[PDB]
Every structure is written in C-alpha cells, then in structure tokens.
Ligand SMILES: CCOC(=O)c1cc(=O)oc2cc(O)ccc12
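Let's start with one chain on its own, the form deposited without the named molecule, as structure tokens.
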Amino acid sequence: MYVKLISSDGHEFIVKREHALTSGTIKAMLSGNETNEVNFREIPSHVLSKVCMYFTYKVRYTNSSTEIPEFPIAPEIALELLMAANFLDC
C-alpha cells in the first residue's frame, strides 16, 4: 500500500504504491516476492520531494473532470528534476 523512497542524503519519502508506480523505473524495481522500498544514491532531497509531488499530481488529475492546474517547477531545480524524470521514466 505504502512504499518508501530514500534520497541520496537519507530523506525517507513514504507514498502510496499506486502513486509510486507512476514511474516506470520504480515499477520495475518494485515487484521485481515483491518489493516495498527503493533507494536512489543519486537523487537529492529537494528533487524526490518534488518528484513525489508529481506522483500526487498525476494520479489526482489524470482522467479528471476538473480544471487541471499547471505543475510548477522553479528554475533552480529544473535541470536536476529533468534527469530525475528521465531516469525514473515518468
């Protein structure tokens, strides 16, 4: 139900499983009997926290009848978030 995602500096991010499965890389790491924890030695705290925020944003607003808001990305994290997203396939 809930899976743990550790950053490179040790921060623990607990999210729903259906939320973390938004990432393709995380989906392979999980259940590959099945796994509940994933560690990333090359993604910092300020990136995973924003990554996990996207998981909440994707699952809530996918197939929604609401007004979809913009996902905000500050300039100072855009690069690191880009390869984080490229690495996680989400």
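One rule holds for the numbers: they count along the sequence shown, beginning at 1.
The following text describes the form solved in complex with the named molecule, which does not appear among the structures shown.
Within this chain, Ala84 lines the site of the named molecule in the deposited complex, having a heavy atom no more than 4.5 Å away. Residue contact check for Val47: one or more of its heavy atoms lie within 4.5 Å of the named molecule in the deposited complex. Mapping the unseen interface onto this chain, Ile26 falls outside it, with no heavy atom inside 4.5 Å of the named molecule in the deposited complex. In the deposited complex, the named molecule sits within 4.5 Å of a heavy atom of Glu42.
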